[PDB]
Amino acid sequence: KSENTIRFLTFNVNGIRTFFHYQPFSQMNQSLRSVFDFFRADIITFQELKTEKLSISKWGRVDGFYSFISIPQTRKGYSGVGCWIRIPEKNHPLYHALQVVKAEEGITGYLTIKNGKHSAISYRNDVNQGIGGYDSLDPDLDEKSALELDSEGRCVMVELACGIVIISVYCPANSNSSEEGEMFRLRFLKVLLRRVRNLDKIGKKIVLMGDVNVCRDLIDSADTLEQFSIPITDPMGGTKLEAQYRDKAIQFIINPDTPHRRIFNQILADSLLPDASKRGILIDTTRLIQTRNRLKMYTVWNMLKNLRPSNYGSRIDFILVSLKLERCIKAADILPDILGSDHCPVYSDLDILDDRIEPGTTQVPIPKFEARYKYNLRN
C-alpha cells in the first residue's frame, strides 16, 4: 500500500494479554508498536482489552503512537476500547493529516477530564476539549443515566486535522439476554447513531469502526441462513441469494425480536432496505469493496462451540465511513487467517489526501491566551 493512504484497523482482541499468546504476536514481547507495524496500520482500535488501570502503563505507552484508552472505572478484566494513532515524521506526506486535535471518552459527552487539582469538566461543557454534536442525543438523558451508559469503557473518539472524527466502539451485546441488558444495548446504539448524525450535520467526516455486535444482513449470519434452510451454493452468489430469498433477507432485518438490526440499518446508505438507504449517511467499507456477492465473510465465531474451523460465524465488526469519504476507499477486507481472538481483524485503506473530497469542518482548540478567555469576555 501507499504512503499517502491511512490504513484503519479494528480488532476485538478478546483480552489484550491473551491476544499476545497467539502467533505471531507471541514473538513480539507484548509490543503494540510491533503489532501495528505487522499490520502496517496507522489508526487502530482494539476492543475488549479486558485490562486494568495499572496495565495502562504498558498499553497506553506505545513508541511512535498516541494512545487513547477507555476502560471501566473500577471493573477489571472487562470491556475496554483503545484507539492508537501513528505519529508521522516531519517529511511524511501524512504529517498534517494525522495530527490529533481532540480526543474524547464515551458517546454521551458527560464523562470528564481532570481540569485542576480538585476539578473535572465534562466534554459537553468545554468546547475546546469536546468534539461536539451533543444535541438531543435522547429525550430522557440526564447526567446520571448518561454516566451509566458511558460506564463500561465502550467508546473512544479522536478528531484529526481537517475535520475527520474516528469513533471506535465496543457496543453492548446483552450476553445474559436480560431485559435490562437489552434496554441498555438499544439505548447505547441509539445514542451512538444520533451522535454520528449530529457530527455529520456539523460537517465532520466520520469513521465509525469497531464491534457493533449487530448483524446488518442475513448473508452475514451463518446461523440464520441455516435456520432458514438457505444453503450457500455459490461463494460469490451473494446477490442472487439476496434476490431469490429477499423475503428472508428482509425478515432478518425487521425481525421484531431484534429491532437493533433495523435501527443499525437506518444509518447505512448501502442498506438492503430502500428507506434505510435513502436516509443512511455511512458506507460499509468492507461490503463496498468486497461487494454483496461475497458470502461467508464472517469476523466472529463462537469459540465455546469450536465453530471457527468450519467458518460458521457472523460479521459484527465494521469500518463505516461518511458518504463523502467513499471515493477515498482504496481497499477494505477482513483478515480471517489472522489469529489472536474469537474475532478476526478488519482493515480499510483511505486516500484522504485526495484534493477532490470536500474539506471537513475543523474546530482546533483555541489557546487559553486568546483574549476571550484571558480576559473573561462575555459570550
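From 1 onward, residues are counted along the sequence shown.
- Averaged over their C-alpha atoms, the temperature factors of 47 to 55 and 341 to 349 are higher for 47 to 55.
- Stretches compared: 144 to 152, 89 to 97. Higher mean C-alpha B-factor in the entry: 89 to 97.
- Of all the options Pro256, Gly82, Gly163, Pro172, the entry's greatest CA B-factor is assigned to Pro256.
- The PDB entry assigns the greatest CA B-factor among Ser168, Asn198, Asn125, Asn213 to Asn125.
- When the modelled residues of the chain are ordered by C-alpha B-factor, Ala371 sits in the middle third.
- Ranked within its chain, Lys204 lands in the lowest third, by CA B factor from the PDB record.
- The PDB entry assigns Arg279 a C-alpha temperature factor belonging to the middle third of its chain's modelled residues.
- When all modelled residues of the chain are sorted by CA temperature factor, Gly106 is found within the lowest third.
- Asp247: CA B factor lies in the middle third for its chain, per the PDB record.
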